[PDB]
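**Student:** For reference, this is data-v2.tsv, and it has TSV, C-alpha atoms.
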chain	number	residue	atom	x	y	z
A	142	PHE	CA	2.67	4.14	10.34
A	143	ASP	CA	0.06	4.03	13.13
A	144	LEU	CA	-0.73	0.91	15.17
A	145	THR	CA	-2.66	1.49	18.41
A	146	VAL	CA	-5.03	-1.40	19.10
A	147	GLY	CA	-7.38	-2.10	21.96
A	148	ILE	CA	-7.80	-5.80	22.69
A	149	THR	CA	-11.26	-6.06	24.25
A	150	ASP	CA	-14.45	-8.22	23.91
A	151	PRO	CA	-13.75	-11.59	25.62
A	152	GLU	CA	-16.55	-13.42	23.81
A	153	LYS	CA	-16.15	-16.89	25.32
A	154	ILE	CA	-17.98	-19.75	23.62
A	155	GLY	CA	-16.16	-22.66	25.23
A	156	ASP	CA	-13.97	-22.87	28.31
A	157	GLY	CA	-10.89	-25.03	28.72
A	158	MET	CA	-9.48	-26.59	25.56
A	159	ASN	CA	-8.73	-23.85	22.99
A	160	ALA	CA	-11.13	-21.07	23.92
A	161	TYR	CA	-12.22	-18.97	20.93
A	162	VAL	CA	-12.63	-15.22	21.41
A	163	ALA	CA	-14.00	-12.58	19.03
A	164	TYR	CA	-11.68	-9.88	20.37
A	165	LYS	CA	-11.62	-6.20	19.46
A	166	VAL	CA	-8.86	-4.70	17.29
A	167	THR	CA	-8.75	-0.91	17.10
A	168	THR	CA	-7.45	-0.46	13.56
A	169	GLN	CA	-5.13	2.54	13.13
A	170	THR	CA	-3.01	3.50	10.06
A	171	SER	CA	-5.41	6.03	8.52
A	172	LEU	CA	-3.43	6.05	5.24
A	173	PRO	CA	-5.74	6.21	2.17
A	174	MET	CA	-5.48	2.46	1.59
A	175	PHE	CA	-7.53	2.27	4.79
A	176	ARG	CA	-10.97	3.50	3.79
A	177	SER	CA	-12.81	4.91	6.83
A	178	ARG	CA	-9.64	6.27	8.61
A	179	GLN	CA	-11.17	5.48	12.06
A	180	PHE	CA	-12.51	1.97	12.62
A	181	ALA	CA	-12.25	-0.92	15.07
A	182	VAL	CA	-12.78	-4.57	14.14
A	183	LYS	CA	-13.52	-7.79	15.96
A	184	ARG	CA	-11.42	-10.88	15.22
A	185	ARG	CA	-12.78	-14.33	16.05
A	186	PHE	CA	-10.04	-16.74	17.13
A	187	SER	CA	-11.61	-19.60	15.16
A	188	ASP	CA	-11.84	-17.58	11.94
A	189	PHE	CA	-8.81	-15.54	10.89
A	190	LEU	CA	-6.06	-17.96	11.99
A	191	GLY	CA	-6.68	-20.55	9.26
A	192	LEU	CA	-7.05	-17.95	6.52
A	193	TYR	CA	-3.90	-16.25	7.80
A	194	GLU	CA	-2.06	-19.56	7.58
A	195	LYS	CA	-3.37	-19.89	4.02
A	196	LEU	CA	-1.93	-16.44	3.23
A	197	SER	CA	1.22	-17.47	5.11
A	198	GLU	CA	1.50	-20.47	2.79
A	199	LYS	CA	1.08	-18.04	-0.13
A	200	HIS	CA	3.81	-15.62	0.92
A	201	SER	CA	5.84	-18.69	1.90
A	202	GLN	CA	5.75	-20.14	-1.62
A	203	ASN	CA	7.08	-16.90	-3.03
A	204	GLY	CA	9.32	-16.79	0.05
A	205	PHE	CA	8.92	-14.80	3.27
A	206	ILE	CA	8.79	-15.40	7.01
A	207	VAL	CA	5.59	-15.43	9.05
A	208	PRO	CA	4.90	-13.58	12.29
A	209	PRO	CA	3.76	-16.17	14.85
A	210	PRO	CA	0.21	-15.49	16.07
A	211	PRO	CA	-1.36	-16.93	19.19
A	212	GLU	CA	-1.05	-20.51	18.02
A	213	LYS	CA	-3.51	-23.43	17.91
A	214	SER	CA	-4.50	-26.53	15.89
A	215	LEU	CA	-1.35	-28.72	16.21
A	216	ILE	CA	0.86	-25.58	16.23
A	217	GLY	CA	-0.26	-24.37	19.66
A	218	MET	CA	-0.73	-27.91	20.96
A	219	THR	CA	2.60	-29.65	20.23
A	220	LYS	CA	5.51	-28.21	22.26
A	221	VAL	CA	5.30	-24.45	22.03
A	222	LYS	CA	7.34	-24.49	25.21
A	223	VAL	CA	5.39	-26.99	27.35
A	224	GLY	CA	1.83	-27.16	25.98
A	225	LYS	CA	-1.45	-26.83	27.92
A	226	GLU	CA	-3.98	-25.42	25.47
A	227	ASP	CA	-6.49	-26.01	28.30
A	228	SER	CA	-4.86	-23.00	30.02
A	229	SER	CA	-5.62	-20.68	27.06
A	230	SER	CA	-9.08	-19.80	28.39
A	231	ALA	CA	-8.87	-17.51	31.44
A	232	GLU	CA	-5.32	-17.06	32.80
A	233	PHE	CA	-2.96	-17.17	29.80
A	234	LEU	CA	-5.20	-14.69	27.98
A	235	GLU	CA	-2.53	-12.13	28.86
A	236	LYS	CA	0.04	-14.38	27.18
A	237	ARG	CA	-2.31	-14.54	24.19
A	238	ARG	CA	-2.60	-10.73	24.16
A	239	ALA	CA	1.17	-10.30	24.56
A	240	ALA	CA	2.16	-12.66	21.74
A	241	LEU	CA	-0.80	-11.25	19.79
A	242	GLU	CA	0.58	-7.72	19.82
A	243	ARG	CA	4.06	-9.15	19.13
A	244	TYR	CA	2.43	-10.71	16.05
A	245	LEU	CA	0.84	-7.36	15.18
A	246	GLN	CA	4.12	-5.44	15.54
A	247	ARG	CA	5.83	-8.01	13.32
A	248	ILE	CA	3.00	-7.55	10.79
A	249	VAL	CA	3.95	-3.86	10.85
A	250	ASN	CA	7.65	-4.86	10.62
A	251	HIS	CA	7.35	-5.91	6.94
A	252	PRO	CA	6.66	-2.52	5.29
A	253	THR	CA	7.44	-3.80	1.79
A	254	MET	CA	4.86	-6.56	2.31
A	255	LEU	CA	2.55	-4.26	4.29
A	256	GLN	CA	0.88	-3.24	1.00
A	257	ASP	CA	-1.09	-6.49	0.76
A	258	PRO	CA	-4.70	-5.43	0.04
A	259	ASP	CA	-6.62	-8.60	0.94
A	260	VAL	CA	-5.37	-8.97	4.53
A	261	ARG	CA	-5.68	-5.19	4.94
A	262	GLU	CA	-9.35	-5.33	3.92
A	263	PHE	CA	-9.90	-8.40	6.11
A	264	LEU	CA	-8.38	-6.73	9.19
A	265	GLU	CA	-10.17	-3.54	8.08
A	266	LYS	CA	-13.63	-5.13	8.37
A	267	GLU	CA	-15.39	-7.26	10.98
A	268	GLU	CA	-17.13	-9.81	8.76
A	269	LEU	CA	-16.79	-13.07	10.78
A	270	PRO	CA	-13.87	-13.88	8.48
A	271	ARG	CA	-14.55	-17.26	6.85
A	272	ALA	CA	-15.04	-19.69	9.78
A	273	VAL	CA	-13.73	-22.82	7.86
A	274	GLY	CA	-10.19	-21.83	8.94
A	275	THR	CA	-10.16	-24.24	11.89
A	276	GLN	CA	-8.84	-27.19	9.94
A	277	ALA	CA	-7.10	-30.56	9.81
A	278	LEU	CA	-5.88	-31.06	6.22
A	279	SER	CA	-2.31	-32.32	6.69
A	280	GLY	CA	-2.16	-34.38	3.46
A	281	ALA	CA	0.87	-32.26	2.56
A	282	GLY	CA	2.33	-33.05	5.99
A	283	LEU	CA	3.73	-36.50	5.19
A	284	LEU	CA	4.71	-35.13	1.76
A	285	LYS	CA	6.99	-32.53	3.30
A	286	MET	CA	8.09	-35.15	5.86
A	287	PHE	CA	9.65	-37.39	3.22
A	288	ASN	CA	10.83	-34.27	1.39
A	289	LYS	CA	12.70	-33.38	4.60
A	290	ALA	CA	14.00	-36.96	4.74
A	291	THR	CA	15.31	-36.54	1.18
A	292	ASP	CA	16.84	-33.11	1.91
A	293	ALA	CA	18.65	-34.50	4.97
A	294	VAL	CA	20.37	-36.93	2.58
A	295	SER	CA	20.99	-34.52	-0.32
A	296	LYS	CA	21.87	-31.15	1.30
A	297	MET	CA	25.63	-31.75	1.57
A	298	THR	CA	27.03	-31.01	-1.91
A	299	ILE	CA	24.88	-27.88	-2.28
A	300	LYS	CA	26.14	-26.60	1.09
A	301	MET	CA	29.63	-26.35	-0.52
A	302	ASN	CA	28.57	-23.48	-2.82
A	303	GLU	CA	28.54	-19.71	-2.22
A	304	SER	CA	25.70	-20.63	0.20
A	305	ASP	CA	28.42	-21.60	2.71
A	306	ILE	CA	29.72	-17.99	2.76
A	307	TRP	CA	26.24	-16.91	3.92
A	308	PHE	CA	25.28	-19.95	6.05
A	309	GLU	CA	28.34	-20.50	8.30
A	310	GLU	CA	27.23	-17.56	10.47
A	311	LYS	CA	23.68	-18.89	10.71
A	312	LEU	CA	24.91	-22.40	11.54
A	313	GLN	CA	27.25	-21.13	14.27
A	314	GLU	CA	24.54	-18.94	15.77
A	315	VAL	CA	21.87	-21.65	15.58
A	316	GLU	CA	24.18	-24.08	17.41
A	317	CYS	CA	25.02	-21.46	20.05
A	318	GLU	CA	21.34	-20.44	19.97
A	319	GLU	CA	19.92	-23.90	20.68
A	320	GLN	CA	22.50	-24.31	23.46
A	321	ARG	CA	21.67	-20.95	25.08
A	322	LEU	CA	17.90	-21.35	24.64
A	323	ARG	CA	18.03	-24.85	26.15
A	324	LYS	CA	19.84	-23.45	29.19
A	325	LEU	CA	17.81	-20.22	29.33
A	326	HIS	CA	14.34	-21.72	29.10
A	327	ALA	CA	15.38	-24.48	31.51
A	328	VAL	CA	16.13	-21.59	33.88
A	329	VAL	CA	12.68	-20.24	32.94
A	330	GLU	CA	10.95	-23.52	33.88
A	331	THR	CA	12.82	-23.62	37.20
A	332	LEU	CA	11.70	-20.01	37.69
A	333	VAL	CA	8.08	-21.08	37.08
A	334	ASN	CA	8.74	-23.86	39.61
A	335	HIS	CA	10.09	-21.78	42.49
A	336	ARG	CA	8.80	-18.18	42.14
A	337	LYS	CA	5.24	-19.32	42.90
A	338	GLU	CA	6.25	-21.03	46.14
A	339	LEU	CA	8.41	-17.98	46.88
A	340	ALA	CA	5.24	-15.88	46.64
A	341	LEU	CA	3.57	-18.44	48.91
A	342	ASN	CA	6.49	-18.02	51.34
A	343	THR	CA	5.84	-14.27	51.38
A	344	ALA	CA	2.20	-15.07	52.14
A	345	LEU	CA	3.42	-17.22	55.03
A	346	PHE	CA	5.61	-14.29	56.09
A	347	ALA	CA	2.38	-12.32	56.37
A	348	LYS	CA	0.71	-15.16	58.30
A	349	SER	CA	3.72	-15.18	60.66
A	350	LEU	CA	2.31	-11.90	61.99
A	351	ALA	CA	-0.80	-13.77	63.12
A	352	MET	CA	1.65	-16.28	64.59
A	353	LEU	CA	3.12	-13.32	66.49
A	354	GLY	CA	-0.46	-12.45	67.45
A	355	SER	CA	-0.41	-15.90	69.06
A	356	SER	CA	2.40	-14.53	71.29
A	357	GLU	CA	3.30	-11.37	73.25
A	358	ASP	CA	1.39	-8.34	71.95
A	359	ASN	CA	3.47	-5.16	72.13
A	360	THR	CA	2.34	-2.30	69.90
A	361	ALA	CA	5.88	-1.05	69.21
A	362	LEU	CA	6.71	-4.51	67.87
A	363	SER	CA	3.34	-4.67	66.12
A	364	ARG	CA	3.83	-1.44	64.16
A	365	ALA	CA	7.28	-2.63	63.03
A	366	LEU	CA	6.03	-6.02	61.87
A	367	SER	CA	2.89	-4.61	60.24
A	368	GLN	CA	5.13	-2.15	58.41
A	369	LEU	CA	7.37	-5.06	57.35
A	370	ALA	CA	4.20	-6.74	56.01
A	371	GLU	CA	3.65	-4.12	53.33
A	372	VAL	CA	7.44	-3.92	52.83
A	373	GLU	CA	7.65	-7.60	51.87
A	374	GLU	CA	4.42	-7.33	49.86
A	375	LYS	CA	5.91	-4.46	47.81
A	376	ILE	CA	9.14	-6.45	47.35
A	377	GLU	CA	7.24	-9.59	46.33
A	378	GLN	CA	4.99	-7.66	43.93
A	379	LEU	CA	7.96	-5.86	42.32
A	380	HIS	CA	10.33	-8.74	41.71
A	381	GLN	CA	7.57	-11.30	41.02
A	382	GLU	CA	6.12	-8.94	38.40
A	383	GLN	CA	9.61	-8.56	36.92
A	384	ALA	CA	10.23	-12.34	36.99
A	385	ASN	CA	6.91	-12.81	35.22
A	386	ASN	CA	7.07	-10.14	32.55
A	387	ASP	CA	10.71	-10.00	31.45
A	388	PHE	CA	10.96	-13.78	31.40
A	389	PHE	CA	7.94	-14.42	29.24
A	390	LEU	CA	9.22	-11.56	27.05
A	391	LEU	CA	12.47	-13.48	26.52
A	392	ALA	CA	10.49	-16.72	26.14
A	393	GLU	CA	8.39	-15.22	23.32
A	394	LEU	CA	11.61	-13.87	21.77
A	395	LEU	CA	13.21	-17.33	21.87
A	396	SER	CA	10.04	-18.91	20.43
A	397	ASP	CA	9.68	-16.63	17.43
A	398	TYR	CA	13.46	-16.75	16.85
A	399	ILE	CA	13.07	-20.55	16.64
A	400	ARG	CA	10.12	-20.30	14.25
A	401	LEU	CA	11.74	-17.70	11.96
A	402	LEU	CA	14.96	-19.74	11.85
A	403	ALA	CA	12.92	-22.82	10.93
A	404	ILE	CA	11.22	-20.86	8.13
A	405	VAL	CA	14.51	-19.70	6.66
A	406	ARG	CA	16.12	-23.16	6.95
A	407	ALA	CA	13.10	-24.42	5.00
A	408	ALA	CA	13.66	-21.59	2.49
A	409	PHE	CA	17.28	-22.60	1.87
A	410	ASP	CA	16.00	-26.17	1.60
A	411	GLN	CA	13.70	-25.00	-1.21
A	412	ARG	CA	16.67	-23.24	-2.80
A	413	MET	CA	18.48	-26.59	-2.76
A	414	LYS	CA	15.29	-28.04	-4.27
A	415	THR	CA	15.53	-25.51	-7.11
A	416	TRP	CA	19.18	-26.56	-7.46
A	417	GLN	CA	18.21	-30.18	-8.05
A	418	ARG	CA	15.35	-28.94	-10.29
A	419	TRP	CA	17.72	-27.25	-12.74
A	420	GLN	CA	20.21	-30.09	-12.23
A	421	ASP	CA	17.96	-32.93	-13.35
A	422	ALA	CA	16.36	-30.55	-15.89
A	423	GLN	CA	19.77	-30.05	-17.53
A	424	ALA	CA	20.57	-33.76	-17.17
A	425	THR	CA	17.35	-34.80	-18.97
A	426	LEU	CA	17.44	-31.96	-21.58
A	427	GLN	CA	21.12	-32.65	-22.50
A	428	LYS	CA	21.40	-36.45	-22.24
A	429	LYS	CA	18.08	-37.19	-23.96
A	430	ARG	CA	18.36	-34.67	-26.76
A	431	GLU	CA	21.95	-35.45	-27.57
A	432	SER	CA	20.77	-39.05	-27.59
A	433	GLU	CA	18.36	-37.90	-30.31
A	434	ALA	CA	21.22	-36.12	-32.10
A	435	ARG	CA	23.11	-39.38	-31.53
A	436	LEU	CA	20.18	-41.11	-33.26
A	437	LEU	CA	20.32	-38.77	-36.29
A	438	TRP	CA	20.63	-41.70	-38.69
A	439	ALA	CA	17.15	-42.89	-37.86
A	440	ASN	CA	16.57	-40.37	-40.60
A	441	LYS	CA	13.41	-38.29	-40.25
A	442	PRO	CA	13.01	-34.58	-39.42
A	443	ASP	CA	10.65	-35.35	-36.50
A	444	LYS	CA	13.30	-35.83	-33.82
A	445	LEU	CA	15.31	-32.94	-35.28
A	446	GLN	CA	12.61	-30.34	-34.64
A	447	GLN	CA	11.77	-32.19	-31.41
A	448	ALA	CA	15.41	-31.81	-30.35
A	449	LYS	CA	15.35	-28.13	-31.34
A	450	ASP	CA	12.22	-26.99	-29.51
A	451	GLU	CA	12.91	-29.27	-26.53
A	452	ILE	CA	16.42	-27.88	-25.97
A	453	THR	CA	15.07	-24.35	-26.56
A	454	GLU	CA	12.16	-24.44	-24.09
A	455	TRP	CA	13.83	-26.59	-21.47
A	456	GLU	CA	17.12	-24.69	-21.44
A	457	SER	CA	14.94	-21.58	-21.19
A	458	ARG	CA	13.54	-23.20	-18.04
A	459	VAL	CA	17.13	-23.85	-16.89
A	460	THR	CA	17.88	-20.15	-17.42
A	461	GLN	CA	14.70	-19.36	-15.46
A	462	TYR	CA	16.20	-21.35	-12.59
A	463	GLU	CA	19.62	-19.71	-12.84
A	464	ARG	CA	17.98	-16.26	-12.77
A	465	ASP	CA	15.66	-17.34	-9.95
A	466	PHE	CA	18.83	-18.17	-8.02
A	467	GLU	CA	19.61	-14.45	-7.94
A	468	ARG	CA	15.91	-13.76	-7.31
A	469	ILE	CA	15.80	-16.10	-4.29
A	470	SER	CA	19.20	-14.91	-3.05
A	471	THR	CA	18.03	-11.30	-3.35
A	472	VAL	CA	14.90	-12.16	-1.34
A	473	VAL	CA	17.33	-13.78	1.14
A	474	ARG	CA	19.27	-10.48	1.25
A	475	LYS	CA	16.00	-8.66	1.95
A	476	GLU	CA	14.83	-10.96	4.73
A	477	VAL	CA	18.23	-11.33	6.42
A	478	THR	CA	18.73	-7.55	6.40
A	479	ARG	CA	15.21	-7.53	7.82
A	480	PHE	CA	16.61	-9.96	10.38
A	481	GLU	CA	19.49	-7.65	11.29
A	482	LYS	CA	17.21	-4.63	11.64
A	483	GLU	CA	14.58	-6.76	13.43
A	484	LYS	CA	17.19	-8.23	15.77
A	485	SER	CA	18.37	-4.67	16.42
A	486	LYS	CA	14.74	-3.64	17.01
A	487	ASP	CA	13.77	-6.38	19.45
A	488	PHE	CA	17.19	-6.39	21.12
A	489	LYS	CA	16.38	-2.73	21.67
A	490	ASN	CA	12.95	-3.84	22.91
A	491	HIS	CA	14.19	-6.25	25.55
A	492	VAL	CA	17.11	-3.96	26.47
A	493	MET	CA	14.65	-1.10	26.89
A	494	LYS	CA	12.72	-3.58	29.02
A	495	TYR	CA	15.94	-4.04	31.04
A	496	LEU	CA	16.60	-0.32	31.41
A	497	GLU	CA	12.86	0.12	31.96
A	498	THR	CA	13.22	-2.34	34.84
A	499	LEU	CA	16.08	-0.11	35.98
A	500	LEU	CA	13.85	2.97	35.58
A	501	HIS	CA	10.78	1.70	37.42
A	502	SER	CA	13.11	0.09	39.96
A	503	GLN	CA	14.74	3.51	40.41
A	504	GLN	CA	11.51	5.46	40.82
A	505	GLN	CA	9.61	2.79	42.82
A	506	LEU	CA	12.57	1.96	45.11
A	507	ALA	CA	13.18	5.70	45.53
A	508	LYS	CA	9.57	6.60	46.31
A	509	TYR	CA	8.71	3.86	48.78
A	510	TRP	CA	12.12	3.94	50.46
A	511	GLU	CA	11.74	7.69	50.98
A	512	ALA	CA	8.25	6.86	52.25
A	513	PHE	CA	9.93	4.41	54.63
A	514	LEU	CA	12.50	7.08	55.54
A	515	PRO	CA	10.34	9.01	58.11
A	516	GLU	CA	9.26	5.79	59.81
A	517	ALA	CA	12.94	4.79	59.74
A	518	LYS	CA	13.91	8.12	61.34
A	519	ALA	CA	11.07	7.45	63.79
A	520	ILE	CA	9.86	4.16	65.27
A	521	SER	CA	8.79	1.64	62.63
The structure given in the file should be rewritten as structure tokens.
**Tutor:**
Amino acid sequence: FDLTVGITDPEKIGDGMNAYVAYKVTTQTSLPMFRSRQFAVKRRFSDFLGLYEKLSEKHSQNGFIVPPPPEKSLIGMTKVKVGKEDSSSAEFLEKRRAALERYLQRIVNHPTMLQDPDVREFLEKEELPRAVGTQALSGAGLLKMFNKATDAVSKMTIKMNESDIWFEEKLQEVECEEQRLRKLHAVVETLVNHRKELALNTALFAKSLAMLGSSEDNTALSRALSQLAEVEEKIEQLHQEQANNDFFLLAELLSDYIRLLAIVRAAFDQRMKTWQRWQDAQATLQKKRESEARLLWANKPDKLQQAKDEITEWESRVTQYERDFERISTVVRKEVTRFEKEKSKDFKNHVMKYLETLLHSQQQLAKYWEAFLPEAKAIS
């Protein structure tokens, strides 16, 4: 609907390792679910992240993807792309703001799940939202580790279902995706390596004019070289700004593509879990109760009514699983059609960044080269 935020208020408590900021959020969307219709909240970086990961666990157990926030607490410390949570204090605040508004736009991008009242009232107020969210409670961590170790053994026969007709595309694109993101972000790290010393070389190009000041001083030469100074500074500013912004755009796109793909691979892993749930449910309910029917001639009506209500309730649970297969697959239809429209949306976003680079390149290159035109038609 309406989302126009102003990220302000750098309330720094500690500097260096994982700086926590109560930053301003100008809360739009004046729909009548939002009470005051004009309000701005503060959001403390120690507070809302843990509660949002709690709510992310909640809408993960019914089954959805999460938008990645600015990450911390073993998520923003262990190989986001390199690491360095020490740098999230003063210089990568712009990276925090960028991925923060990516997170906010992806919050907007689930309009069916946008009608969640608790997170709307929490982002609607500024209440210092429940500061116990900074946490280390990974007792489910090793649990899901050996669950992943079991799924890596027992995924194969369930892959052969109708799931294959929907997963062969995702497997092909995740193989091509990990190949192209390996190559592309390796190019990004080499860009981080050499664009900075390229900017330093442009600074030494400027200092070469003082080196010319240590030589013959002719003013016709001096005007030309002092004009070339601001020429190379404009060129350095333009393409270094492009090499910064478009490349961390594509880096954030690769990162949240990785995280959303990991979420949906985990979701199909839970669908395989529900497969083995109904499978061993049916195996116990049939084998054990036809072993009771087998043991009819231990004649009492106790195991007869036990057989009856056990097969009734537990095959009702089996039918719950076989209907929840269409429920989970329908949720999969929803979130993968969300993926096609979201891929279209952020492909449009980085392609409008490309043609926006073309547009500001057109108007900037045009304006300062026509500003250089009279001093090209005259002495430089």
**Student:** Counting only C-alpha atoms, give me one row per residue of range 297-400 of chain A with an atom at most 9 Å from an atom of range 502-517 of chain A, showing the shortest contact pair and its distance in Å to one decimal, sorted by chain then residue number, as CSV.
**Tutor:**
residue,atom,partner,partner_atom,distance
A:368,CA,A:513,CA,9.0
A:372,CA,A:509,CA,8.9
A:375,CA,A:509,CA,8.8
A:379,CA,A:502,CA,8.2
**Student:** Which is closer to residue 271 in chain A than all the others in A:322, A:237, A:186, A:200, using all atoms listed in the file?
**Tutor:**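 Distance minimum relative to residue 271 in chain A lands on A:186.
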**Student:** Find the residues near residue 223 in chain A: any atom within 12 Å, counting only C-alpha atoms, skip ones fewer than 4 places away on the same chain, and give them as an NGL selection string.
**Tutor:** :A and (217-219 or 227-228 or 326-327 or 329-330 or 333 or 392 or 396)
**Student:** Suppose you want the space between CA of residue 222 in chain A and CA of residue 498 in chain A; what is it in Å?
**Tutor:**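 Going from CA of residue 222 in chain A over to CA of residue 498 in chain A, I get 24.9 Å.
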**Student:** For the atom pair CA of residue 212 in chain A and CA of residue 190 in chain A, what is the interatomic distance in Å to one decimal place?
**Tutor:**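 Atom-to-atom, CA of residue 212 in chain A to CA of residue 190 in chain A, that is 8.2 Å.
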**Student:** So, counting only C-alpha atoms, which residue among A:163, A:263, A:189, A:520 is closest to residue 364 in chain A?
**Tutor:**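 When distances to residue 364 in chain A are compared using only C-alpha atoms, the smallest one comes from A:520.
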**Student:** Find the spatial neighbours of residue 282 in chain A, counting all atoms listed in the file, within a cut-off of 12 Å - ignore same-chain residues fewer than 6 positions away - and output them as a PyMOL selection string.
**Tutor:** chain A and resi 215+288-289
**Student:** Would you pick out the contacts of residue 167 in chain A at 9 Å or less, using all atoms listed in the file, so that residues sharing its chain but fewer than 5 positions from it are not included, and give the list as a PyMOL selection string?
**Tutor:** chain A and resi 144-148+179-183
**Student:** Please tabulate, as CSV, the residues of range 327-409 of chain A that come within 10 Å of range 413-433 of chain A, each with its closest pair of atoms and the distance in Å to one decimal, counting only C-alpha atoms and ordering rows by chain, then residue number upward.
**Tutor:**
residue,atom,partner,partner_atom,distance
A:407,CA,A:413,CA,9.7
A:408,CA,A:413,CA,8.7
A:409,CA,A:413,CA,6.2
**Student:** Go ahead and write the residues just picked, C-alpha atoms, as a compact mmCIF listing (two decimals), in the coordinates of the input.
**Tutor:**
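Result file follows (again17.txt):
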# COMPACT_ATOMS: atom_id res chain seq x y z
CA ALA A 407 13.10 -24.42 5.00
CA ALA A 408 13.66 -21.59 2.49
CA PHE A 409 17.28 -22.60 1.87
**Student:** Kindly indicate which residue among A:232, A:143, A:500, A:177 lies nearest to residue 160 in chain A, using only C-alpha atoms for the distances.
**Tutor:**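 Result for the nearest residue to residue 160 in chain A: A:232.
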**Student:** Which residues come within 9 Å of residue 397 in chain A, counting all atoms listed in the file, excluding same-chain residues fewer than 5 positions away, as JSON, numbers by chain?
**Tutor:** {"A": [208, 209, 392, 402]}
**Student:** Looking at A:385, A:302, A:214, A:201, which one is nearest to residue 340 in chain A, with distances taken over only C-alpha atoms?
**Tutor:**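 Residue with the minimum atom-to-atom distance to residue 340 in chain A: A:385.
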**Student:** Quick one: distance from CA of residue 323 in chain A to CA of residue 395 in chain A in Å, one decimal?
**Tutor:** 9.9 Å
**Student:** In terms of the shortest atom-to-atom distance over all atoms listed in the file, which of A:466, A:480, A:307, A:205 is closest to residue 412 in chain A?
**Tutor:**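 Using all atoms listed in the file, residue 412 in chain A sits closest to A:466.
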**Student:** From the list A:159, A:360, A:471, A:275, which residue is nearest residue 226 in chain A when using all atoms listed in the file?
**Tutor:**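 With all atoms listed in the file as the atom set, the closest residue is A:159.
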**Student:** Env of residue 476 in chain A: 12 Å cut, atoms = all atoms listed in the file, seq-sep filter 6 positions within chain, self excluded. Answer as JSON, numbers by chain.
**Tutor:** {"A": [204, 205, 206, 207, 250, 251, 252, 253, 254, 401, 402, 404, 405, 408, 469, 470, 482, 483, 484]}
**Student:** May I have the residues at most 12 Å from (-15.2, -18.2, 12.3) in the file's coordinates, counting only C-alpha atoms, as a PyMOL selection string?
**Tutor:** chain A and resi 154+161-163+183-192+267-276
**Student:** Generate a file of the selected residues that holds C-alpha atoms, formatted as a PDB file, keeping the file's coordinate frame.
**Tutor:**
ATOM      1  CA  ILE A 154     -17.980 -19.750  23.620  1.00  0.00           C
ATOM      2  CA  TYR A 161     -12.220 -18.970  20.930  1.00  0.00           C
ATOM      3  CA  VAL A 162     -12.630 -15.220  21.410  1.00  0.00           C
ATOM      4  CA  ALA A 163     -14.000 -12.580  19.030  1.00  0.00           C
ATOM      5  CA  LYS A 183     -13.520  -7.790  15.960  1.00  0.00           C
ATOM      6  CA  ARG A 184     -11.420 -10.880  15.220  1.00  0.00           C
ATOM      7  CA  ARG A 185     -12.780 -14.330  16.050  1.00  0.00           C
ATOM      8  CA  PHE A 186     -10.040 -16.740  17.130  1.00  0.00           C
ATOM      9  CA  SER A 187     -11.610 -19.600  15.160  1.00  0.00           C
ATOM     10  CA  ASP A 188     -11.840 -17.580  11.940  1.00  0.00           C
ATOM     11  CA  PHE A 189      -8.810 -15.540  10.890  1.00  0.00           C
ATOM     12  CA  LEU A 190      -6.060 -17.960  11.990  1.00  0.00           C
ATOM     13  CA  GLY A 191      -6.680 -20.550   9.260  1.00  0.00           C
ATOM     14  CA  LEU A 192      -7.050 -17.950   6.520  1.00  0.00           C
ATOM     15  CA  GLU A 267     -15.390  -7.260  10.980  1.00  0.00           C
ATOM     16  CA  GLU A 268     -17.130  -9.810   8.760  1.00  0.00           C
ATOM     17  CA  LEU A 269     -16.790 -13.070  10.780  1.00  0.00           C
ATOM     18  CA  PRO A 270     -13.870 -13.880   8.480  1.00  0.00           C
ATOM     19  CA  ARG A 271     -14.550 -17.260   6.850  1.00  0.00           C
ATOM     20  CA  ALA A 272     -15.040 -19.690   9.780  1.00  0.00           C
ATOM     21  CA  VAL A 273     -13.730 -22.820   7.860  1.00  0.00           C
ATOM     22  CA  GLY A 274     -10.190 -21.830   8.940  1.00  0.00           C
ATOM     23  CA  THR A 275     -10.160 -24.240  11.890  1.00  0.00           C
ATOM     24  CA  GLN A 276      -8.840 -27.190   9.940  1.00  0.00           C
TER      25      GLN A 276
END
**Student:** Mind giving me the axis-aligned box for range 333-352 of chain A with 3 Å on every side, centre plus edges in Å to one decimal, as lines of an AutoDock Vina configuration file?
**Tutor:**
center_x = 4.6
center_y = -17.9
center_z = 50.8
size_x = 16.9
size_y = 18.0
size_z = 33.5
**Student:** Please tell me which residues are no farther than 12 Å from (-1.5, 4.9, 6.6) in the file, counting all atoms listed in the file, and write them as a list in words.
**Tutor:** residues 142, 143, 144, 168, 169, 170, 171, 172, 173, 174, 175, 176, 177, 178, 179, 249, 252, 255, 256 and 261 of chain A
**Student:** Write out, as a compact mmCIF listing (two decimals), keeping the file's coordinate frame, the residues just selected, with C-alpha atoms.
**Tutor:**
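So the final result, stored in part_25.txt, reads:
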# COMPACT_ATOMS: atom_id res chain seq x y z
CA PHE A 142 2.67 4.14 10.34
CA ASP A 143 0.06 4.03 13.13
CA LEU A 144 -0.73 0.91 15.17
CA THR A 168 -7.45 -0.46 13.56
CA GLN A 169 -5.13 2.54 13.13
CA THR A 170 -3.01 3.50 10.06
CA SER A 171 -5.41 6.03 8.52
CA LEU A 172 -3.43 6.05 5.24
CA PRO A 173 -5.74 6.21 2.17
CA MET A 174 -5.48 2.46 1.59
CA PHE A 175 -7.53 2.27 4.79
CA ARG A 176 -10.97 3.50 3.79
CA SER A 177 -12.81 4.91 6.83
CA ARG A 178 -9.64 6.27 8.61
CA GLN A 179 -11.17 5.48 12.06
CA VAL A 249 3.95 -3.86 10.85
CA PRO A 252 6.66 -2.52 5.29
CA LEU A 255 2.55 -4.26 4.29
CA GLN A 256 0.88 -3.24 1.00
CA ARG A 261 -5.68 -5.19 4.94
